[PDB]
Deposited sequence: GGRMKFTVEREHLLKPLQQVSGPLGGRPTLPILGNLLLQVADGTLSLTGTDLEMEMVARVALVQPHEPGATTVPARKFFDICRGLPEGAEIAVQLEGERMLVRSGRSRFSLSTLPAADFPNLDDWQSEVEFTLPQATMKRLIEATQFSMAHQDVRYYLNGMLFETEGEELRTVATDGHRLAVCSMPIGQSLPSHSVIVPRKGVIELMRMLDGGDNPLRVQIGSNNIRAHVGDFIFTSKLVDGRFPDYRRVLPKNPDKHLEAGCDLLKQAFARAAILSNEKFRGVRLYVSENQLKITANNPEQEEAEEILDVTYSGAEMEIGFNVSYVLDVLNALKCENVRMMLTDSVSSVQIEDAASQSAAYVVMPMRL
C-alpha cells in the first residue's frame, strides 16, 4: 500500500513495548500498524486480549495499514541509537525501515486479516488512581490458582459495590480479598478477569499522574491509560462468595510484630517437610511457639512474645501460605483471628481492614 511515516525513536519505544505482550498463529505474532489523520496506531492481540497504542505524527506521512513481526520490529527500534529517526514505508510484501545507514526489510501480512474485536456495551464505568489498581492486584494476585480445573479460579474477581472496588483470588486452600474506595457511586457487578488480563493490567501502570479509566461490560473489560487501551475477555463462570469462607466469630485474636513473626516462620520452614511444608503453632497466654519436623527427624522451635489471652490451642499450617500472606501485608503488626484447630484463620494488618486473608489449617 501507500503507508509511510517517519517518527523519532523516543516517541515510538514505549508504544511498541506495551503492545508487545511478551508459538501462535502467524498473524498473531504481528503488530497492526495504521497511519491515519496524523496518527499512528499500533495494535497487538491474541484473540482474547488486545492492546492499542496511539502515536502522534508531526512529520509527513501517507495513510495505510499493514502488519509486521512484533518482537523483531520492537528489537529493531530498541537497538537503534538514542535520538534516532525511523522512516518506514511499504514495498510490496515487505516493510522497509531506515534509520541512518541501517536498513531493515521485514515481511508483512495483510491488515485485512488482522482480527478486530467486536463492540460491546459498557455497563460500569469509573476512573481511579493507578496506585489504587496496583494495590488491589498486588494484595491478592499471589492467591490465584494456576491451571486449575475450575477455570474461574485461574483469574481474579473484580467486584464493584457502593463506593469501593474489590478484588478476590483463591486456589481452594487460601483466599485473599482487598477493598479500596474510589469516591464514586457505582453499580454492583461481579466479573472474573483471566490470569493474563491481570498481568497485562499490571503492565500498563507507569506510576504516573495519568488516571486509569475502566469500562466493564458483561463479557469484556477495558482500561485506558494515556494513549493506551487494553481490552480483555472475561472468564465465563461463577466465582465463589468470599463472604462464606470468612470465619464467623473468630474470637481468638493474636497480635504480633509483622517482621519478627515472618523471620520466625522463615527459620522454622527450613526443617519442614519439603512437600507438605507443615509447621505447628502453640498459642498460649502472650506467647506463640512454632515447631517444624521433616522425615529426617530434624526439628526447629521458635518462641515469640505476642499479645493473646484466649484459650490455649494447637494448630498446623502450610508455612508457605502463611509467609505469602505476611509478605503481601508489608505490615508492622499482624492480627490473626482463630477459632479452633480445624477451622480457617483470618489474617489482617493490625491497623487496616482494607485487606484480609483466609488460610485453611492442616492436620498434624
Task: Ranges missing from the model, given as deposited sequence positions - done: 1, 24 to 27
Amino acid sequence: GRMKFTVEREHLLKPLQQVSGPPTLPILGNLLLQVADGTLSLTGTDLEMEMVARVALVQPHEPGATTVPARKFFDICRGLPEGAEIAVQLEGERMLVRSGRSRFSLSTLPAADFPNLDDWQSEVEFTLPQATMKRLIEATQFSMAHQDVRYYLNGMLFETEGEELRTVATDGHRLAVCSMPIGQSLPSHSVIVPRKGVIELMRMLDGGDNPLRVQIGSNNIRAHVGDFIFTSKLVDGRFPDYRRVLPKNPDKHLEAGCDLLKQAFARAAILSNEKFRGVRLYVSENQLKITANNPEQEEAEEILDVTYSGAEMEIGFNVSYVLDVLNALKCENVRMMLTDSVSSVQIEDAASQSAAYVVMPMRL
From here on, numbers count along this sequence of modelled residues.
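The term rigid core refers to the maximal set of C-alpha atoms that superpose within 1.5 Å between the two forms.
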TODO: Superpose on the core, then say which of 193 to 201 and 252 to 260 ends up with the larger RMS Cα offset from this form in 8 other deposited structures of this protein.
DONE: 252 to 260
- [ ] Just give me the stretch that moves more in 8 other deposited structures of this protein: 283 to 291 or 67 to 75, judged by RMS C-alpha distance after a core fit.
- [x] 283 to 291
- [ ] Specify whether residue 23 falls into a modelling gap in a third or more of the other PDB entries of this protein.
- [x] yes
Open item on the list: Can you tell me whether 289 to 297 has a higher mean C-alpha B factor than 204 to 212 in this record, or the other way round?
Closed with: 204 to 212
- [ ] Name the higher of the two by mean Cα B-factor in the PDB entry, 24 to 32 versus 300 to 308.
- [x] 24 to 32
Task: Candidate residues 239, 142, 265, 276, the one whose C-alpha B factor the record puts highest - done: 239
Open item on the list: I'd like to know which of 255, 138, 118, 171 has the highest C-alpha temperature factor in the PDB entry.
Closed with: 118
Task: Within-chain third of residue 107 by Cα B-factor, per the entry - done: middle
Task: Chain-wide C-alpha B factor ranking for residue 129, given as lowest, middle or highest third - done: highest
Open item on the list: Lowest, middle or highest third: which one holds residue 280 when the chain's residues are ordered by CA B-factor from the entry?
Closed with: lowest
TODO: Using the B-factor values recorded in the entry, state whether the Cα atom of residue 154 falls in the lowest, middle or highest third among the modelled residues of its chain.
DONE: highest
Task: Chain thirds of CA B-factor: placement of residue 7 - done: middle
